[PDB]
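>>> An experimental structure, sequence included, is below.
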Amino acid sequence: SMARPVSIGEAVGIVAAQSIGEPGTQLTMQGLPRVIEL
Amino acid sequence: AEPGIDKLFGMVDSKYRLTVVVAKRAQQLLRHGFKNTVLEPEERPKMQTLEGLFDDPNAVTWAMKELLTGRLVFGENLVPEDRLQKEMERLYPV
Amino acid sequence: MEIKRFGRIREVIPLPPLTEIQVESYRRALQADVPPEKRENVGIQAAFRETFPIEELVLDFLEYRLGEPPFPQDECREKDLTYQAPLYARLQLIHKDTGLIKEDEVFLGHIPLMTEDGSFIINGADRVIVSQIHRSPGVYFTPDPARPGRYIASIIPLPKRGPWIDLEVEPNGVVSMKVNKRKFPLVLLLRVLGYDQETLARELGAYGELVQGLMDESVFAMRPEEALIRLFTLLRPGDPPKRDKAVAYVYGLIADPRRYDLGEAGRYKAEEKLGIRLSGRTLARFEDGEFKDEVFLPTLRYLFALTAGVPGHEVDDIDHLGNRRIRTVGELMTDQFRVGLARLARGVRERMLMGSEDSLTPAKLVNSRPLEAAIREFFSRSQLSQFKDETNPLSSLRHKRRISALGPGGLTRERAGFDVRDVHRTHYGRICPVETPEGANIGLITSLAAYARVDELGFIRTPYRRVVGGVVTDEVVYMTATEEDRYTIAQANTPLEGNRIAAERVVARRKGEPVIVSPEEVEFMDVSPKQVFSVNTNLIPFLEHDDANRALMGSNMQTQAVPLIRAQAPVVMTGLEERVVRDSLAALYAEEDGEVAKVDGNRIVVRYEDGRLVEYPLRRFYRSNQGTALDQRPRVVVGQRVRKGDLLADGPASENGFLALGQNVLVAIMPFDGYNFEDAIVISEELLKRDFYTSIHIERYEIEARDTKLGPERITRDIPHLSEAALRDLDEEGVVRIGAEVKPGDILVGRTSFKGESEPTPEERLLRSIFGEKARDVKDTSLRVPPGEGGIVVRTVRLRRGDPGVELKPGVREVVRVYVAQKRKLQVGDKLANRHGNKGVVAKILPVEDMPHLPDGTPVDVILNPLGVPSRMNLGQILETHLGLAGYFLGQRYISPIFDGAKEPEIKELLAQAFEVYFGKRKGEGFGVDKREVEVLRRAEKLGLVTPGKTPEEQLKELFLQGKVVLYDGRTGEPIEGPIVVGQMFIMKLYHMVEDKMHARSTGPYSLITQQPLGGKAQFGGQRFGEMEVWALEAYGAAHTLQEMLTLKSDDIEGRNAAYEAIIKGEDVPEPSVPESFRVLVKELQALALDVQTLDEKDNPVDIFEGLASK
Amino acid sequence: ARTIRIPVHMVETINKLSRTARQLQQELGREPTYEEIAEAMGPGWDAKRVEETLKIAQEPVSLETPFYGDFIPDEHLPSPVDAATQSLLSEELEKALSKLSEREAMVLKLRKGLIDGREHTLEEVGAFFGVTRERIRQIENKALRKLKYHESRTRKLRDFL
Amino acid sequence: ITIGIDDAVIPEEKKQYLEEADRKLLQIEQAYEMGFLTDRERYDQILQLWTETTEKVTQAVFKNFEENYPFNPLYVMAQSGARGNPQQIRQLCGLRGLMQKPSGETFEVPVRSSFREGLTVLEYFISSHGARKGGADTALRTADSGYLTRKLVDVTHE
Amino acid sequence: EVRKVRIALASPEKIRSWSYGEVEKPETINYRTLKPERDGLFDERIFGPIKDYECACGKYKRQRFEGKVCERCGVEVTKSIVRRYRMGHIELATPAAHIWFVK
Amino acid sequence: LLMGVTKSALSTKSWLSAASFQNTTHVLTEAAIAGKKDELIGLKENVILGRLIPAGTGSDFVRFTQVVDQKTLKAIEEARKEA
Amino acid sequence: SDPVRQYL
Amino acid sequence: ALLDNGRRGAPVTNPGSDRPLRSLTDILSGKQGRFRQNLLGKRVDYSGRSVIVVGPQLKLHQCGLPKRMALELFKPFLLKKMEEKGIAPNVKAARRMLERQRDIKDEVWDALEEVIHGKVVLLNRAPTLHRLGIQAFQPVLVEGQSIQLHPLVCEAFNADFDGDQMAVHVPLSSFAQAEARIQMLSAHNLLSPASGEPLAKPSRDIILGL
RNA sequence: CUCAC
DNA sequence: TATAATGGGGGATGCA
DNA sequence: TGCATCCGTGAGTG
Ligand SMILES: Nc1ncnc2c1ncn2[C@@H]1O[C@H](COP(=O)(O)OP(=O)(O)OP(=O)(O)O)[C@@H](O)[C@H]1O
Ligand SMILES: [Mg+2]
Ligand SMILES: [Zn+2]
């Protein structure tokens, strides 16, 4: 989000989870089933 | 955006430390009645009321300006808590 | 005015009564107007003939009757009652031993009646019983998904009137059977019917893999009795196989026309499928001492010949509209009349066997409580019983013409997959392909087609003109789906000369699938393009240019149109906007010829030809269910000669007999400084000035005063510690006066309630004894005005106990209703929408001097961004806009039919006739061409729009035929650097307004157990900061903000009170403590015998309950 | 059978009401009023007693009814606004324990019930200072009248209603 | 910038393309009635042919737009990235294209008309199937997606 | 400071250790006075006072008494919040199995 | 050992996260049996507890950073020179 | 599994 | 049936309904459970909701907050500021002044302006699919009822203007304010956390113009 | 059932 | 308080 | 092969 070394304390896991989840939920409203299967 | 936020992000190793510093300094200024400020009357942030230019109530903005000046020391293990509280409350009554 | 209509197709039969799907159903169910001697065995009659007679004493049914309603419709809406009629039934008691005959007419309770429009009135509120689509009863054959070459046969009865029977051929050559989650070889059941081994080889006898594969000797070696016993032991482990128990159970589950009931439709379906006849709505029967079969053997015969290669044997499509049927209001009401009758019969049976087996009467033997409870349950709690949608006259119509697949007896949300949601090929002309809700209910909730109707068997019928040889007859043949699948059906627009197909080749349909066919091979033809669409869908002009995904939105958004005070019919119509007004019963018409005697705002008196003087009362400013005021206005003057079927009064959202959902406005399709960004809409302030988009909305504010164990609650004008400034608009009793301005915080009705042991604590006792004034015993509980609500009081309804005609619920003394109406003008936030899907929020309201105007000073009204057009693919609005532009200068309104409407060159001609009026007037007015119009003409000439080397008149004509004009920006006067499309558009104001949805909360009511703020504007509740929002704050790293959101702003009572107290004094918020709901969690875990311990770093317990849970 | 346990005889009475009203409904062709019931019950029965009997015969409903308990506020616990003013009333009142005295601002505490919760008459109060029921009265009215003059100069306690 | 029905420019190559498509369709039908091909080969070849033709008319639309009307509102919004995409514009000017059967397969009969020209009730009804299937697809998949999201959040929150 | 949260199995002795008195009657509140029943599902002698610093019979009525359980009715005079806290219990005759650890 | 996201979320060391996710009964039983203690390490734990999450401003790395002006920072260093 | 039938 | 109703055999129901009674298991577990409904997400004070609308005149770090909403959302601060000046005797009278709509003077709306100077609010739109589903904005008091939203942020929130609504939240502490202004401010979150690419970019009109 | 995605 | 009455009325996945 | 357990968010109305 800032194009620089990550600040210590950054909630990485949440950001990753939302970054994977957001496109899926939006690009819904053999794609997502495969993703879930993986 | 916030005035010179890139400089502030340059000041710290992590933005969250910056946030902590700003918040703590804001509380410091808020509790002592701004008396402990390291700003000069011309550097003091102002709001435009219907009367005129008065000092900015928002202590956060004050904290960011003072932090921009470079007249504040940050870091860990610099001074025991109770000592700082006592001495600061001594220098600037409430 | 001049109304020009297009279309060449000659529609024969008009639209059937749009509300007949409920009228003809309920009226057929009751048959109240038919003498009991000439009533068929359908509806209530069949229920009586199925429940009765009662076997123990033998109670027998004679006849029933329906009385007149104790209260009229408007009075039922007034006093929170049900519009119903008292039901009586003549029963005779017959002692099968003695011959004792006692006869009495018993009162079973009341039955809610259906009004003229096809709705209901339950407990003072209008409601609609939505018809339910479900899989029709009968016998079907679906391919086994596990085994490709094999097939499962299924026997489906009416819901809750029999089990589902499967005949899956197990991998062993012999057919099995599955009932009530059990499974057993069909052989044993086959033996019970009296089937010898010879009858299975003589009747069947064709395939040695199936016919002789069924025959197993270890089952044949027993009498029908023994086999029956064995099967009874197979089905109920624990019940001794007594001969009088097995027969009773088996008969009572399969052969009994009481617990098992196939459909009449299902009867004919099975009869036609198996090629046989059925003696009754049952699988078997008890005749001549033994059991005799009807269904199982032909079903097996069809099933076994399906696994082979036999013609006439096919798999049935279950989503087919020939195998799916519609249970209407009458049938749905019947299924809750039969159940409530069967529970009454139980109360009869459990009373005929104890008391006095000779000294009994049909009166004290019959308790009608389960019946009353049954019907009341069906009308006040059913899933198909919905709060009526009477926003505008069209909304109710659609609501009554909608078809639900859900409800008890249908599909659940998780039971609904893809296949049931799809649009089947047989939906053609029956179920609207367009009308369906967006979201989780798509494909389930639908709507009926315009020309579609439901027959006696619950199947939908669609009309088709007959074409013999080549001559198109006026004979219209309504067919079902399976009936449709027989013939070749050409399209309604195919070239016709008189009544002859003139097309060398026609576009036809065979079993749904399209095919180009010769005029000789044409048997039938569509009656109209309108037959394949809904009502709201048929109200969308230029629908053939609109995308379905937006047309759907168009339809659903018409339904939400608020009745405007200056409502008007669209300049571009389709033709149905008249019939819709007619059948919605919003407008008032003439019954016979004659002459209007008098006309008033309250009534219309007419002197007919018959000499009779009829007075028609006008419904003035009545609040509908959703708040939209339903008001009728007169449209005739005193002494006007009136014919039959002529208009007398206009309902809300109706103009001169035409549907007036929205208003016609001058719109310019162009961006505007970002105030058009993403569907947003910019309006002219000249719309508010002449009261365009302004509507009346009424809200009722009820209040009750009851008897307490502390004292009575009094509706008084005396309120402790108040002032006259707040009690100004109140009358002597304490009620607000009629015709007063009420704002948030104002008292509508004064009320005082005694305080309990909250008799002031000494902190308040001392304060009272200090201020001189003593503490009262009554406290202020007056009905105020909710924040964001208000208007003008128009009505007050005060009902009391001890007053003639009204008895309130136990404990309650008096009920008061304050009706507050308000006149809402269009404002920043209200939602506007057209019939083509284009919608948006009013983002900016500009003064007229900023509005892009025509060169002759005429300013536009609406500025719609063009960016909302290309991706939405709804070009119908553009084609509406051009013809509208033509209609703005010719002073014309149009009727452009669906799929047979105004084509391009005709609109070109009309526009050409409009340009002469728009331009020609200025050339003889002492005005040539403007200087900036030349610049616009230059840029447009570079755009390739106009022709190089032409007079400005000719070029501006070329632009006007393209629907484009020269537009002057009012802010500068300088023209828009190009021609802009400007026209007249039909735009409606929607039910979603900002005055309703705007909400805020500093603090307020908390829930009991959780101590967390409530949910809803009405309860002044907070906004739910759900899991995902927490994920947001976490992702940011906003720890203290999240902690605030989890504590101080929620259920941290200590922390929240300390927080508020900290802010009101000007301090920094305190450090939050542990949430109360967490303590609730801990105790809820202790109540589950689980020791939850909050430890420190030394594993030593830390008390978050602070020594309150420990002894 | 009931969540709210009812004495057996009362239950019998309610049942009697049920059967009676049911008969009346069966014969009238409509539901009975309180008056018809009270009449058909016999002597000593009026509409009021029928209504009250029906009021106590009510069965309580569930909170988790599809929830129903989510639209129900918590009337017991004080809100932040309530806790605030009550904590501003005591504050602006012990500003009166001052201006008065030590014994003055105590005859009021017993009289108004600040200490025990109950109001002690000028009779009982006399046995805590020795004074009789007319030095106590002057002891009281000196407090209030002085406090009344301490009003309209600080004008704090007016809105406190 | 504005939108008129004359801004939906039908390219002049469309008629030619429809003609060639019809003659090739006729050739395959000759390969069917005579028994030269099966019913599988026929259907597949028809599908391929019509998809190819759709591509052709798309390219025709965009080419005519680029060369003759570079400032045309539709072409402008499409190329700039303001709104719309090649497929939708093709539907607006060229043809609607092939449609979906409710099961999933494709109708061999395409929708030759466009939004500017206007469809027939049959073509519209045919398109309704695909539209419905799409809506149901969205509605039924959204839940699965959100579920997955919550799973990921739960598995990675620490 | 809290830095750990431990979950464990509750012994019957632990359950009785939490409790403030055994519930003997399936009765809720008085059908006339609307007050709780003695040894019922809402008894104040077990769970705690309904009003802040006040007993049932109204003897000890304020903060001058705290922890002092009344003699007449037998109700403590603490903060009325305790009825969201103080656990009760029911002594079964023949022991039953926790359905969780069973199924 | 490769494990799915659901199974890995349920098999975590924290019983609060696992309970708040899915199979609340199955988690709570086996957690109570082993006398499991939650160290409150993740995010959801501190969220349920209503504590300050160990991320961002609530991260121990930046949690205890002090701010002092040179004026006072020097004003205290004088008394801490002699006795 | 059914208390009624079991008791019967 | 007390601990886990419906677990074994049939669930116990109240007479007259097919509704299983809510046991101690049904309370804790499920989407309606205590955990997912009251521990991992609560309802909050100092939060409003309204129909949004486009506000092009706003700068990147701004939003249009109606005076009516801002009145309630900032009530406790306002009650203090109305005492620090003299619009009301104390806090209680100040609160009893804003009770009725007619009793609201004009100095109040100026004191409110004096209050919110510097402090920001949090705009949120459902479904909050990612971190940028909630963003910080400096409030600008407007007339009407609608919330004015910056155009450029309409991509992250996925917020068009066909009837959308947003919720507001007020950071109270000097810590919660710093977190919002430094970390949650829209002008500070320009690039996407998912890919690194700009999310606050010219679109629609803004492109069409250039 | 309706709004937004 | 004593005729006699005696047996009910989808959809997929993980794990044993 | 049977049982148990999951199946997106916020908001409005009666
Ligand atoms: N919030 C609501 N407002 C109005 N009608 C509603 C509402 N919820 C449900 N209904 C009615 O009930 C019918 C469908 O309800 P459904 O049974 O699907 O909801 P539900 O199962 O009660 O939801 P939940 O289980 O979350 O309470 C709807 O078609 C509508 O008639
Ligand atoms: Mg939207
Ligand atoms: Zn006591």
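Arrived safely, thanks for sending. Numbering: from 1, shown residues only, chains lettered A, B, ... in the order given. Ligands and ions are numbered 1, 2, ... in the order given.

>>> quick one: residue C:638 and residue C:604 touch, right?
No: between residue C:638 and residue C:604 there is no contact under CB atoms under 8 Å: 9.9 Å. Every C-beta, even on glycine, is put in place using the N, C-alpha and C of the backbone.

>>> And the residue of chain B that's closest to RNA strand J?
residue B:1 (27.3 Å; CB to the nearest atom of the strand).

>>> whoops, I mixed them up, chain E
Closest point on chain E to RNA strand J, by CB to the nearest atom of the strand, is residue E:142, at 6.7 Å.

>>> I'd guessed that residue sits against residue A:28; true?
Yes: here residue E:142 reaches residue A:28: they are 5.2 Å apart, a contact under CB under 8 Å.

>>> Can you tell me the closest non-neighbouring residue to whichever residue of chain H sits closest to DNA strand L?
Ranking the residues of chain H by distance to DNA strand L (CB to the nearest atom of the strand) places residue H:1 first, at 9.5 Å. Using CB to CB, 6 or more residues apart in numbering or on different chains and skipping residues adjacent in sequence, the residue nearest residue H:1 is residue I:9, 6.2 Å away.

>>> likewise residue D:120?
Residue D:120 sits nearest to residue D:110 (CB to CB, 6+ apart), 4.4 Å away.

>>> ranges for the strands of chain G?
Under the criterion DSSP state E, chain G contains strands at G:37-38, G:66-69.

>>> Might you enumerate the residues of chain I proximal to DNA strand L?
Applying CB under 7 Å from any atom of the strand, we find that chain I lies next to DNA strand L at I:7-8, I:29-31, I:36, I:41, I:43, I:49, I:126-127, I:165, I:167.

>>> so what's the residue of chain E closest to RNA strand J up against?
Residue E:142 makes contacts with A:25, A:28, A:29, as judged by CB atoms under 8 Å, 6 or more residues apart in numbering or on different chains.

>>> For the second one, what are phi and psi?
Listed backbone geometry of residue A:28 is phi -130, psi -40, with angles given as degrees, to the nearest 10.

>>> burial count for it?
18 (other CB atoms under 10 Å in any protein chain shown).

>>> residue ranges for the strands of chain B, please.
Under DSSP E, chain B gives strands at B:46-48, B:53-55, B:72-75.

>>> So the first one, near chain I or not?
Yes: under the criterion of CB under 8 Å from any CB of the partner chain, chain I is reached by strand B:46-48 at residue B:47.

>>> what are the pairing partners of that strand, and which direction each?
strand B:53-55 (antiparallel) (DSSP bridges).

>>> Which neighbours do residue C:638 and residue C:604 have in common?
Joint contacts of residue C:638 and residue C:604 (CB under 8 Å, 6+ apart) are C:596, C:598.

>>> More neighbours: which of the two?
residue C:604 (23 against 12).

>>> can you list the residues of chain D near chain B?
Contact residues, chain D versus chain B (CB under 8 Å from any CB): none.

>>> List the contacts of the residue located most distally from the centre of chain D.
Centroid-distance maximum for chain D: residue D:27 at 44.0 Å, with CA atoms, centre = their mean. By CB under 8 Å, 6+ apart, the contact list for residue D:27 reads C:107, C:363.

>>> residues near residue 3, how many?
Let's take chain A. Using other CB under 10 Å, residue A:3 is surrounded by 8 other residues.

>>> Correction: the question concerned chain H.
Using other CB under 10 Å, residue H:3 has 9 neighbouring residues.

>>> same thing with the one 4 residues further on?
By the measure other CB under 10 Å, the count of residues near residue H:7 is 6.

>>> Ok, residue D:7 next?
Residue D:7 - counted by other CB under 10 Å - has 10 other residues nearby.

>>> Please report phi then psi for it.
Backbone torsions of residue D:7, given as degrees, to the nearest 10, read phi -50, psi 140.

>>> Next: residue C:508.
Residue C:508 adopts backbone torsions of phi -120, psi -180, taken as degrees, to the nearest 10.

>>> Stretch E:84-97 close to chain C?
Yes: Stretch E:84-97 is in contact with chain C by CB under 8 Å from any CB, via E:84, E:85, E:88, E:89, E:91, E:92.

>>> tell me what the helix or strand hosting the third one is packed against?
With secondary structure defined by DSSP states H and E, residue E:88 is part of helix E:86-93. In terms of contact count using 3 or more CB pairs under 8 Å, 6 or more residues apart in numbering or on different chains; DSSP states H and E, helix E:86-93 is assigned the packing partners helix E:40-68, helix E:73-80.

>>> Pick the most buried one from these.
Neighbour counts (mean count of other CB atoms under 10 Å in any protein chain shown) averaged over each of these peak at helix E:73-80, with a mean of 21.

>>> residues in contact with that one?
With CB under 8 Å, 6+ apart as the criterion, helix E:73-80 contacts C:866-867, C:870, E:1-3, E:7-9, E:62, E:65-66, E:69, E:82-86, E:89, E:92-93, I:207-208.

>>> at 10 Å what do you get?
Among residues not part of helix E:73-80, those counted as contacts by CB atoms under 10 Å, 6 or more residues apart in numbering or on different chains are C:669, C:866-867, C:869-871, C:943, C:978, C:981, E:1-4, E:7-9, E:61-62, E:64-66, E:68-70, E:72, E:82-86, E:88-89, E:92-93, I:204, I:207-210.
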